[PDB]
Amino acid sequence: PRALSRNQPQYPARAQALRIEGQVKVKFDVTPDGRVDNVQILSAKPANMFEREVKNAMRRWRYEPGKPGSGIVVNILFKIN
């Protein structure tokens, strides 16, 4: 599987206001038409902070048609400069 567009998650307002960094690791599948599928959250730091923004964004992610895969894993890091 190769990525074609992976729209960036928004930085949660509470996290930016409290100067909080972290990360979320995601696992999902890649359909024949380049749709992202069966999204799970494998780990998240800190808990109850970044998940919803990741899941939202991932709805829009598009990959290459057509080479599917099963547990494709992406780690997403949230940083404040």
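A residue's number is simply how far along the shown sequence it sits, counting from 1.
- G22 sits in the lowest third of its chain by CA B factor, as recorded in the PDB entry.
- In the PDB entry, a CA B factor belonging to the highest third of its chain's modelled residues is recorded for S70.
- In the deposited entry, the Cα temperature factor of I41 places it in the highest third of its chain's modelled residues.
- Remark: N56 belongs to the middle third of its chain, ranked by C-alpha B-factor as recorded.
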